Amino acid sequence: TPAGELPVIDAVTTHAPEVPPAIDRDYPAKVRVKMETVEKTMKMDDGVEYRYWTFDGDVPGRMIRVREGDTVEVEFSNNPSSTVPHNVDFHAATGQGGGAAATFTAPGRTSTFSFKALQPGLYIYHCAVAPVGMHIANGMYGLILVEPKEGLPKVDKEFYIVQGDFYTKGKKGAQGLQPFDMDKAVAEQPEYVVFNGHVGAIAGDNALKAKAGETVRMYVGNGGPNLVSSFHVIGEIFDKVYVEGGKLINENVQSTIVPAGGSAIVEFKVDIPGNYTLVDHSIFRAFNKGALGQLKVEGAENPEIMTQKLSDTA
Amino acid sequence: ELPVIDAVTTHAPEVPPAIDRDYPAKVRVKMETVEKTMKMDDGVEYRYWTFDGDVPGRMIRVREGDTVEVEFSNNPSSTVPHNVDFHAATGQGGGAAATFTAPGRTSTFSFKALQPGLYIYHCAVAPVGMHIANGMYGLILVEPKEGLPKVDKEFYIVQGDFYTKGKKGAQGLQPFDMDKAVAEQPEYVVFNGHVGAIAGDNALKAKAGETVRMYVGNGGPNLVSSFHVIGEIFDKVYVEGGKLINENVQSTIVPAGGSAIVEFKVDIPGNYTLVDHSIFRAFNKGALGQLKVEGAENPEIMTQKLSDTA
Amino acid sequence: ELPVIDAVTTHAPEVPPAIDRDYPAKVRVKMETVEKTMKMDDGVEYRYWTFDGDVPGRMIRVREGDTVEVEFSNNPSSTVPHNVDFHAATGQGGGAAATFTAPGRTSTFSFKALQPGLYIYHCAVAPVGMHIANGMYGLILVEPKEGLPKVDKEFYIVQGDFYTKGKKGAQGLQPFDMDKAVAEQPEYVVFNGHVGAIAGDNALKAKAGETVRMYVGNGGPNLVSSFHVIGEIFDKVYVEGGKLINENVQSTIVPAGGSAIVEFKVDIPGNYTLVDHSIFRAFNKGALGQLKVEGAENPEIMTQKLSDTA
Ligand SMILES: [Cu+2]
Ligand SMILES: [Cu+2]
Ligand SMILES: [Cu+2]
Ligand SMILES: [Cu+2]
Ligand SMILES: [Cu+2]
Ligand SMILES: [Cu+2]
Ligand code: NA
Ligand code: NA
Ligand code: NA
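Residues numbered from 1 in each chain as written, not as in the entry; some residues may be left out. Chains lettered and ligands numbered in written order. Heavy atoms only, no water.

Trainee: Explanation requested: the UniProt feature "domain: Plastocyanin-like" (unreviewed entry) in chain B in the structure shown.
Mentor: All names here are of chain B. Per the UniProt record, "domain: Plastocyanin-like" (unreviewed entry) is annotated on residues 35-146 and 154-284. Structurally, residues 35-146 is divided into 5% helix and 44% strand, and its ends, taken at the C-alpha atoms, are 38 Å apart. Spanning residues 154-284, this segment combines 8% helix with 45% strand, and its end C-alpha atoms are found 27 Å apart. (UniProt positions renumbered as here; feature names shortened; annotations may be inferred. Helix = DSSP H or I, 4+ residues; strand = E, 2+ residues; numbered from the N terminus.)

Below, the structure written as structure tokens:
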């Protein structure tokens, strides 16, 4: 069926950690997506600035949500102030470079192309301009969720989380604007490992929020470029894991691998209030390089699941 | 309320016996944190921080739906506080906040084991990486309500990476090296705390024809293990320690802060070698264990060298 | 006893024909270990240690329940002994002890392939890591008794990490660098022994509409691959080379000393890139292959650039 004969729907995309609403369609549609590539200076950590290359102004790019069988029409613009061309490779797309050749766009230009989402899953998209590693390492990646035809189960809370490793010339903590360091990248020796582009992006005042009793689903991406994440939530167990973001489901998992350029979906029920910490359990990444997020859960205590310190004695 | 049962815990590589119970119970566990100097390798000493005096901590075995009440003691000679985060526990820090214990003090708390699996537990005192890197980790097995299938031999194996200021082989007491840890460049990668801890005279033992199950933990702090047994194939793998079962696997990933269960039947006698198949860890950094199998040879499965010609 | 059959082995990226046998057989395999200098990249030489003259070794294909008889020769020009450990073999060293062969000698031994799967084989002479790092690894496929599903194209792909004294790009003969190996800091990461071994004029080839299966091994010694095909999605993944099947996976882990099988149908023409998606390995260290697919375009699946405006 030609895509021009399908009803046209403007995509609802979200900035991390938000997720677009679930799709209540039982028929294919032509989904129009607008993306802009912007090079901009942002805060990586306290007193540390970095020149990010972004989809739509932050890291990761905005999340896209479509249904298996949809045609995705992408209007791809590269901001005039950009120093280099950019494009996008959708791991959800079947064909040359996942769309990279069709979306090769110089600064001040706009490209359009479309692809059919043939297979459900949770797919990384990222820039593929040479040198690809640099474009990825500077923050050009995001997730597109392709729902199964029948949809996914309903859950109370959904979060959008993408891990990435960053390579600065100075050591972590070195102040000022820090340029990209190709040698550390080739050596796979990052200074920062973060969720959603920046240290503390989903921690402290920016923590994720939920209420006791709610079911939580996390769409977890790994833009890399290099590291593989042992993803874990302190204080919780994964009721379900879509292994490597695929169809296969594992259960009762404490820590699951997220491949580089890959993904995973994890689900768990937050039973009792508390502060839950997302980490890459290659643990020195979490507590020394920034691979640390927080989930605030409010509600009524339940001693039957866990008690506090009942006593301390000599 | 629930009947109270004293936990049977075991020092690696031993495993507690399977649970013959069909009802929930309150299982009492005693844990002590002890800082002590032990041998890492020939002529190399290390200041370990341990649960119950060695690395890994003692294995705990409970049943889905049990209440686990932990009596947590910190030796008076300890220099810092310690606690425990059970990946099996649901709630704040897996119990870390409730078990924050200064030297010479005892804490108690409890949690219900809601989900079966094989869960790492470890200290979570800041700086978390250092407490883990010094050896404070172990495994707790939460059986399914119906139990696990019977096997002849069960082993308790936990990999960890260690960071010494001196190069591997440097003699004497070797302090923890924060810079190498942050860089993820360990000097030692071992099973159960020390080079040779389950090799040579400390090898695991079985008999030909017996079914073997290994509960494999990875305390990290940083490395991911490509776990493999030289000379054998995994008939079953509980993927990442979860419910999903894989079969006919030669090498399986054990995530950092994660686990795996593998099963295989040892068909013929011989020495079978446990390794992290990121192989320079095994044969240069110490990630090497041995399973000695006794019994009658069988040429139909494998022969010795049949001929040597020019 | 058993009928005797001479093995059909293949040079990468080719795969032996599927087995149309419904009965067990004695499959005779001849292997020779050869040390030889070859091109790693433009103007870069390396002293490879090989099974049968290249990296990886030739692929072996047998049926579950077969007896594999190996005639193992070590070329007289070799400087050290070599052997082979089959991850498919059950028993001492996977055959390493039985095939320990000095230069100019020949060893024979046999093993029964008890379990189906896709198994790494590699040399295990001390120092094991160096023998592997110099290129001594390959794959043996043990079919299930009922065989595998039919596919149009089958490819044989093995990733390996290499450790040279000089930085990648340094011209001339590059010796093995033990220090970088222990640090797991490779200069080259390649498919099938060399930069470009399956790219450009050596690219893999298929036709639009064909189903493709890749037998993907990771000889290591150290790295774990996030295997990905740019422009495609894995319809099927035999997780870690085992019996378990995943679907709709973009990137799958290949453990060190492990394997994976992936399947996908190439719908439209184009150049598809095999990479380790630890992406600096692909575009800076050489872990890059190409699958060129010819056929008729289909804008319904993907279009070219439809417009370029201001
Ligand atoms: Cu770009
Ligand atoms: Cu990609
Ligand atoms: Cu501690
Ligand atoms: Cu933990
Ligand atoms: Cu050799
Ligand atoms: Cu091996
Ligand atoms: Na829960
Ligand atoms: Na066996
Ligand atoms: Na396809």
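Structure's up, so let's keep going.
Trainee: What is the right way to look at the interface of chain A and chain B in this model?
Mentor: The figure often quoted for interface size is the accessible area lost as the parts come together. Between chain A and chain B, the residue contacts involve 45 residues of the former and 57 residues of the latter. Together, the buried faces of chain A and chain B total about 4100 Å²; carbon and sulfur atoms form 49% of this surface. In terms of surface lost to chain B, no three residues of chain A exceed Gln254, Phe284 and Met306 of chain A, which account for 18% of the buried area on that side. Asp312 of chain A serves as the salt-bridge partner of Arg105 of chain B, at 3.1 Å between the closest nitrogen and oxygen. For the interface between chain A and chain B, the tally reads 33 residue pairs in polar contact. Per-element accounting of the side of chain A that touches chain B gives the leading share, five residues, to helix α3 (residues 284-289) of chain A. Class assignment of the residues belonging to the side of chain A that touches chain B gives a composition of 17 nonpolar, 18 polar and ten charged. Pairing of strand β22 (residues 311-313) of chain A with strand β7 (residues 106-112) of chain B, which is carried by three bridges, proceeds in the antiparallel orientation. The partner of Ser311 of chain A across the bridge, within β7 of chain B, is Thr108 of chain B. (Contact = heavy atoms within 4.5 Å. Buried area = accessible area lost by both parts, 1.4 Å probe. Salt bridge = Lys/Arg side-chain N within 4 Å of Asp/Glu carboxyl O. Polar contact = N/O pair within 3.5 Å; in protein donor to acceptor, adjacent residues only side chain to side chain. Nonpolar A, V, L, I, M, F, W, Y, C, P; charged D, E, K, R; others polar. Pairing = 2+ DSSP bridges.)

Trainee: What exactly am I supposed to notice about the UniProt feature "binding site: Cu(2+) 1" (unreviewed entry) in chain B here?
Mentor: Residue and element names in this part refer to chain B. Mapped onto the present numbering, the UniProt feature "binding site: Cu(2+) 1" (unreviewed entry) falls at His82, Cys123, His131 and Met136. In three dimensions, the annotated residues from a span of 55 residues occupy one location, with a maximal C-alpha spread of 9.2 Å. Relative to the helices and strands, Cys123 resides in the loop between β8 (117-122) and α1 (128-133). With residues near it in sequence (within four places) discarded, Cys123 still touches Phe51, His82, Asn83, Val84, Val128, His131, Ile132 and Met136. Mapped onto the elements, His131 comes out in helix α1. Residues contacting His131, with those up to four places away along its chain left out, are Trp49, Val80, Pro81, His82, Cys123, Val125, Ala126 and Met136.

Trainee: Sorry if this is basic, but what is going on with the interface of chain A and chain C here?
Mentor: Contact residues are listed per partner, giving 57 residues for chain A and 44 residues for chain C. Around 4100 Å² of area is buried between chain A and chain C when both sides are counted, 49% of it from carbon and sulfur atoms. In terms of surface lost to chain C, no three residues of chain A exceed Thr94, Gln119 and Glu244 of chain A, which account for 14% of the buried area on that side. Applying the counting rule to chain A against chain C returns three salt bridges. The partner of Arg109 of chain A in a salt bridge is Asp308 of chain C, and the shortest N-O contact between them spans 2.9 Å.

Trainee: I would appreciate a short explanation of the UniProt feature "domain: Plastocyanin-like" (unreviewed entry) in chain A in the present structure.
Mentor: All names here are of chain A. Within this structure's numbering, the places UniProt gives as "domain: Plastocyanin-like" (unreviewed entry) are residues 39-150 and 158-288. The distance separating the terminal C-alpha atoms of residues 39-150 is 39 Å; by composition the span is 5% helix and 44% strand. Helix and strand shares over residues 158-288 are 8% and 45% respectively, and the end C-alpha atoms of the span are 27 Å apart.

Trainee: Teacher, can you tell me more about the pattern of salt bridges here?
Mentor: Counted by the stated rule, this structure contains 44 salt bridges over all chains. In this structure, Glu191 of chain A engages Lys184 of chain A in a salt bridge whose closest nitrogen and oxygen atoms are separated by 2.7 Å. You can call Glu191 of chain A buried: its relative accessible area is 13%. Salt-bridge contacts for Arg281 of chain C lead to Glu188 of chain A; the nearest nitrogen and oxygen are separated by 2.8 Å. Placement of the pair is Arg281 of chain C in helix α3 (residues 280-285) and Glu188 of chain A in the loop between α2 (182-187) and β12 (192-195), with the two residues belonging to separate chains. Judged by its relative accessible area of 6%, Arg281 of chain C is buried. (Buried < 20%, exposed > 50% of the residue type's maximum accessible area, 1.4 Å probe, protein only.)

Trainee: Would you mind going over the coordination of the copper ion (ligand 1) with me for this structure?
Mentor: In a perfect tetrahedron of four donors around a metal, the angles come out at 109.5 degrees. In a perfect octahedron of six, they are 90 or 180 degrees. Residues and elements named next belong to chain A. On the protein side, the copper ion (ligand 1) has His86 (ND1), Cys127 (SG), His135 (ND1) and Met140 (SD) as donor atoms, found 2.0 to 2.6 Å from it. Because the angles between the four donor atoms bound to the copper ion (ligand 1) fall within 84 to 134 degrees, the donor set is best described as irregular. Along the chain, the residues that donate to the copper ion (ligand 1) are spaced as H-x40-C-x7-H-x4-M. The same class applies to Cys127 as to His135, namely buried. (Donors = N, O, S within 2.8 Å, 3.2 Å for Na, K, Ca; no water. Tetrahedral: all angles 85-135°; square planar, octahedral: opposite > 155°, others 65-115°.)

Trainee: Any chance you could explain the UniProt feature "binding site: Cu(2+) 1" (unreviewed entry) in chain A here in plain terms?
Mentor: All names here are of chain A. Here, the residues flagged by UniProt with the feature "binding site: Cu(2+) 1" (unreviewed entry) are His86, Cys127, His135 and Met140. By the element assignment, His86 lies in the loop between β5 (71-78) and β6 (89-90). Accessibility expressed as a relative area gives 1% for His86, which makes it buried. Those residues in contact with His86, other than ones at most four positions away along the chain, are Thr37, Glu39, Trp53, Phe76, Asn78, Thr103, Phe104, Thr105, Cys127, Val129, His135 and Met140. Polar contacts involving the side chain of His86 include one to the side chain of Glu39, which spans 2.9 Å. Relative to the assigned elements, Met140 resides in the loop between α1 (132-137) and β9 (141-147). Apart from the residues within four sequence positions on either side, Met140 is in contact with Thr37, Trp53, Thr54, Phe55, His86, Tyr125, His126, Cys127 and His135.

Trainee: Would you explain the coordination of the sodium ion (ligand 7) in this entry?
Mentor: Residues and elements named next belong to chain A. Around the sodium ion (ligand 7), the protein supplies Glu236 (OE), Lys269 (O) and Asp271 (OD) as donor atoms, at distances of 2.3 to 2.7 Å. One chain supplies every donor for the sodium ion (ligand 7), spaced along it as E-x32-K-x1-D. A residue pair is termed long-range when its members are at least 10 positions apart, and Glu236 in the loop between β15 (229-234) and β16 (240-242) and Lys269 in strand β19 (residues 262-269) qualify at 33 residues.

Trainee: What is the right way to look at unusual backbone geometry in this model?
Mentor: Backbone phi values are negative for most residues with the exception of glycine, while trans is the configuration of most peptide bonds. A cis amide bond, omega 5 degrees, links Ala16 of chain A with the succeeding residue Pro17 of chain A. One can find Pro17 of chain A in the loop between β1 (8-10) and β2 (30-45). Cis rather than trans, the peptide bond between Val59 of chain A and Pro60 of chain A has omega equal to 0 degrees. Within the secondary structure, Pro60 of chain A is located in the loop between β3 (48-55) and β4 (64-67). Positioned with a positive phi, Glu184 of chain B is a non-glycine residue whose angle comes to about 60 degrees. Here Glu184 of chain B is to be found in the loop between α2 (178-183) and β12 (188-191). One non-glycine residue, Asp52 of chain C, lies in positive phi territory at about 65 degrees.

Trainee: Explain the sheet that holds strand β21 (residues 288-294) of chain B to me, please; I cannot follow it from the model alone.
Mentor: Remark on secondary structure: sheet strands pair via backbone hydrogen bonds, oriented parallel or antiparallel. All names here are of chain B. Across the sheet, five strands lie side by side as β13-β21-β20-β15-β18; this open sheet has mixed pairing. Each of the sheet's edge strands pairs with one partner strand only, and the pair in question is β13 (204-207) and β18 (252-254). Mean inter-strand twist for the sheet, computed between neighbouring axes without regard to direction, equals 25 degrees. Where strand β15 (residues 225-230) and β18 come together, three bridges link them in antiparallel fashion. Among the inter-strand pairings, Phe227 is bridged to a residue of β18, identified as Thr252. (Axes fitted to C-alpha atoms, helices over the stretch in contact; angles between N-to-C directions.)

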